[PDB]
Amino acid sequence: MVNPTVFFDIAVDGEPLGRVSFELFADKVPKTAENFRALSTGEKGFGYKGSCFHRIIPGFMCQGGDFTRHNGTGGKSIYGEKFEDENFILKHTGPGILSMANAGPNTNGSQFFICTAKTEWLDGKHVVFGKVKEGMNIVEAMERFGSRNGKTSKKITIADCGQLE
Ligand SMILES: NNS(=O)(=O)c1ccccc1
């Protein structure tokens, strides 16, 4: 009944940077929220720990969650390779929104993006399921290692991850 919280400890070429925590809107998108929560604890035997943020575009978003091919072409959900667009109740209102990457309708896997700007053109195409609670300043620090074409200038990794009380 309380929306769960998850944390990522970020590292930059293997050096600790800081912690970002997220509220997951299990009250609005329980299935999408649950996928991200379980990938964050690793309780299914796979998930986000050790994975990288492969695409970071300043003024736009930080993209991660491809834990099988590390480049935007892989990942899987806890339900099978892909699952459906749960609903589009939540909109891309500004920095800190956590939303699902996909390749067309009903193609959610494990990849996600953290918005660093309002991205309303994504409304109704990408499922918004969470938001940064603590450490937006760490997200901004990550963001500086991106570039216009999304290539990062240092390796940005989820050193550790899990669920908070
Ligand atoms: N390239 N399409 S995507 O699902 O990865 C995506 C869309 C919008 C923002 C970040 C990521």
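What's counted below: heavy atoms across the whole structure, side chains too, no hydrogens, waters or symmetry copies. Residues take their numbers from the sequence shown, with the count starting at 1. Start at 1 and go down the list; that is how both ligands and their atoms are numbered.
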At what distance is the nearest protein heavy atom to atom 8 (C) of ligand 1, and which residue and atom is it?
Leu122 CD1, 3.6 Å

Between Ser21 (side chain) and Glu134 (backbone), is there a donor-acceptor pair under 3.5 Å?
yes

Nearest to atom 7 (C) of ligand 1, what protein heavy atom do you find, and at what distance?
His126 CE1, 3.5 Å

Going by the order shown, which atoms of ligand 1 are within less than 4.0 Å of some heavy atom of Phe60?
9 (C)

Any heavy-atom pair between the side chains of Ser99 and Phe112 that's under 4.5 Å?
no

If the plane angle is over 60° it's perpendicular, under 30° parallel, otherwise tilted; pick one for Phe36 and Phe22.
perpendicular

Ignoring hydrogens and angles, tell me if any N or O in the side chain of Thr5 forms a donor-acceptor pair with the backbone of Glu23 under 3.5 Å.
no

Under a 3.5 Å distance rule, please check whether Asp13 uses its side chain to pair with a backbone N or O of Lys154 as donor and acceptor.
no

Would you mind checking which non-hydrogen protein atom is closest to atom 2 (N) of ligand 1, with the distance to 0.1 Å?
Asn102 O, 4.0 Å

Those atoms of ligand 1 less than 4.0 Å from some heavy atom in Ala101
3 (S), 4 (O), 5 (O)

With a distance cut-off below 6.0 Å to the six-membered ring centre and an angular limit of 45° from the axis, does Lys28 pair with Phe129 as a cation-pi contact?
no

Heavy atoms only: which of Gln63, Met61, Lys125 lies closest to atom 11 (C) of ligand 1?
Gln63

the protein heavy atom lying closest to atom 1 (N) of ligand 1 turns out to be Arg55 NH1, 4.0 Å

